[PDB]
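For reference, the structure discussed in these notes is given below.
Below, chains carry the letters A, B, ... as their sequence lines are ordered, and counting in each starts from 1.
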Amino acid sequence: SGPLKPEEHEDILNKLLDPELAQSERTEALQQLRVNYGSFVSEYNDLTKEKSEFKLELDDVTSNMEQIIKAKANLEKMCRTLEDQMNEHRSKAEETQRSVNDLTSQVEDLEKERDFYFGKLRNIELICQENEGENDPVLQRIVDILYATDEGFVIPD
Amino acid sequence: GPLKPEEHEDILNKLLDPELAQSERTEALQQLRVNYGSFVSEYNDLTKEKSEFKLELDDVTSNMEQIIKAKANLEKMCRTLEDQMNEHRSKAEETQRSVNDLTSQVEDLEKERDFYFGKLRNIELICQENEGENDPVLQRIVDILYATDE
């Protein structure tokens with residue numbers, strides 16, 4: 001199938017033009033040229049347009065592929081950045097939480113020691129309070145310490 | 001473009017017309033010849049170029065499908081990473097604030113503790129300066145000063 005080759009076309013054109021041939025034989029050469037050309041032209045116009053619509057569909061999908069590739073690459077850079085940021089914050093959170101647990105324990109241990117001294121000072125205040133009317137000079141020295149502020153009772157560094 | 005079928009047919013008729021000049025039939029022949037040679041060659045090139053674009057379009061269309069589907073799975077993974085990132089950032093921020101709060105508490109507690117301690121040692125020294133008078137109130141205070149935890 002397909003169109004005649006240039007050589008079969010010329011042999012048929014030569015048979016058509018050969019006066020030595022029977023005029024039926026030359027009519028046959030003519031019908032072949034006719035039917036070949038009618039099909040050739042139609043299949044040529046089909047190939048012509050159907051190739052032009054491969055070309056623009058290709059040029060279209062190719063250009064859409066150009067941007068999608070840039071877009072995906074940019075996403076991969078963000079995932080790498082985001083994983084480094086997540087890990088950095090995770091590491092900071094775990095370590096800072098350990099520091100919280102430590103300080104929480106410190107606050108407990110200081111409170112127990114603070115409360116111990118406080119109760120001793122409060123008991124002595126209550127004892128001195130019971131004897132205020134005696135105006136004992138030693139009790140009054142103790143009372144001056146008991147009610148001294150942190151500016152009237154400096155603690156060294 | 002190639003001759004149309006009606007133009008090809010009209011040239012066929014001139015070619016075979018003995019009323020025409022020899023030159024006219026010869027021209028008609030060369031038109032049929034060069035028209036066919038020119039465009040059977042284009043025809044073959046069109047057939048190849050079409051087959052070219054069809055197989056190349058199958059490649060770009062297959063890549064486009066995979067790059068798009070991958071980009072979608074990446075948009076999701078990106079978002080999963082962002083959510084995990086923000087989650088740990090917020091926990092890091094909260095726990096740093098808790099560190100700063102407890103650090104100030106420790107500082108204040110240390111000063112209060114040292115403050116009471118200094119007063120108790122001061123009061124202890126007052127009481128031993130007067131252990132001679134054997135005041136029962138003072139001995140009560142000394143018992144408190146020397147009491148052990150629980």
Side-chain angles (χ1 to χ4, degrees), chain A residues 3 6 9 13 30 33-34 37-38 40-41 44 47-48 50-51 54-55 57-58 61-62 64-65 68-69 71-72 75-76 78-79 82-83 85-86 89-90 92-93 96-97 99-100 103-104 106-107 110-111 113-114 116-118 120-121 123-124 127 131 138-139 141-142 145-146 150 153 155, chain B residues 2 4-5 8-9 12 32 36-37 39-40 43 46-47 49-50 53-54 56-57 60-61 63-64 67-68 70-71 74-75 77-78 81-82 84-85 88-89 91-92 95-96 98-99 102-103 105-106 109-110 112-120 122-123 126 130 137-138 140-141 144-145 149:
Chain A
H9 184 261
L13 219 18
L30 176 57
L33 293 167
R34 281 177 173 159
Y37 197 67
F40 163 89
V41 161
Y44 175 95
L47 289 172
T48 276
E50 134 182 20
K51 117 132 163 181
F54 278 113
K55 192 262 203 61
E57 182 174 339
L58 234 194
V61 186
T62 289
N64 291 334
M65 179 107 64
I68 190 94
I69 274 174
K72 159 172 179 280
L75 272 164
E76 288 164 335
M78 304 294 123
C79 288
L82 284 162
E83 218 224 17
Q85 288 182 338
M86 169 208 315
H89 289 117
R90 180 167 177 159
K92 194 52 131 228
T96 305
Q97 180 67 53
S99 165
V100 166
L103 291 160
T104 301
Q106 285 180 239
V107 165
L110 282 161
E111 273 173 4
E113 190 186 349
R114 183 274 312 272
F116 181 63
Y117 298 146
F118 183 97
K120 280 177 170 196
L121 285 166
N123 269 249
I124 300 171
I127 294 176
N131 297 279
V138 183
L139 297 188
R141 292 187 78 183
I142 296 173
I145 299 298
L146 290 170
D150 63 317
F153 192 87
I155 290 304
Chain B
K4 278 80 198 90
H8 183 265
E9 175 71 42
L12 244 14
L32 296 162
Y36 197 73
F39 287 105
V40 75
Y43 177 98
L46 265 339
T47 294
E49 289 175 302
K50 189 201 96 177
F53 292 161
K54 183 194 284 174
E56 173 168 62
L57 190 69
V60 114
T61 204
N63 274 113
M64 192 77 200
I67 294 184
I68 281 190
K71 156 132 139 26
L74 262 160
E75 288 164 348
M77 218 148 52
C78 182
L81 291 175
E82 172 176 330
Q84 262 76 335
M85 181 283 282
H88 288 99
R89 180 183 53 83
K91 188 67 172 182
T95 194
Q96 185 63 59
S98 175
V99 164
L102 294 161
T103 299
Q105 291 177 50
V106 165
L109 284 165
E110 284 180 339
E112 194 185 1
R113 188 265 320 262
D114 288 335
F115 187 59
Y116 299 158
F117 181 79
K119 290 195 174 187
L120 291 163
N122 190 294
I123 293 170
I126 293 169
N130 300 288
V137 178
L138 291 187
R140 208 178 161 188
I141 295 175
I144 285 179
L145 289 172
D149 199 341

Portion of A:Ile68 that has a non-hydrogen atom of chain B nearer than 4.5 angstrom: both
Please state whether the side chain, the backbone, both or neither of B:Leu138 comes within less than 4.5 Å of a heavy atom of chain A. side chain
CD/B:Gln96 to NZ/B:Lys91 distance, rounded to the nearest 0.5 angstrom? 13.0 Å
Test of understanding: with salt bridge (charged side-chain N to carboxylate O under 4.0 Å, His left out), list the residues that count as partners of B:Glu56, not counting sequence neighbours. none
What part of A:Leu30 lies closer than 4.5 angstrom to a heavy atom of chain B: side chain, backbone, both or neither? side chain
How long is the straight-line distance from CD of B:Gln105 back to CD of B:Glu110, given to the nearest 0.5 Å? 12.0 Å
So for B:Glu9, is it side chain, backbone, both, or neither that comes closer than 4.5 Å to the heavy atoms of chain A? side chain
Keeping B:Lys119 on the side-chain end and A:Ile145 on the backbone end, is there a donor-acceptor pair under 3.5 Å? yes
When the 4.5 angstrom heavy-atom criterion is applied to B:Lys54 and chain A, the contacting part is both
Of the backbone (N, CA, C, O) and the side chain (C-beta and beyond), which part of B:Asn130 lies under 4.5 Å from a heavy atom of chain A, both, or neither? side chain
For A:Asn123, is it the side chain, the backbone, both or neither that has a heavy atom under 4.5 Å from a heavy atom of chain B? both
A:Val41 versus chain B, the contacting section by heavy-atom distance below 4.5 Å: side chain
Angle class for the A:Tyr37/B:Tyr36 ring planes (parallel below 30°, perpendicular above 60°, tilted otherwise)? tilted
Centroid separation under 6.0 Å, is that true for the rings of B:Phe39 and A:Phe40? no
Pick from B:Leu145, B:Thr61, B:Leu32 with the largest number of heavy-atom pairs that fall under 4.5 Å of chain A: B:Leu145
Side chain, backbone, both or neither: which part of A:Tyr44 has a heavy atom under 4.5 Å from chain B? both
Could you look at A:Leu13 and say if it's the side chain, the backbone, both or neither that has a heavy atom under 4.5 Å from chain B? side chain
Less than 4.5 Å apart, any side-chain heavy atom of B:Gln84 and any of B:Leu81? no
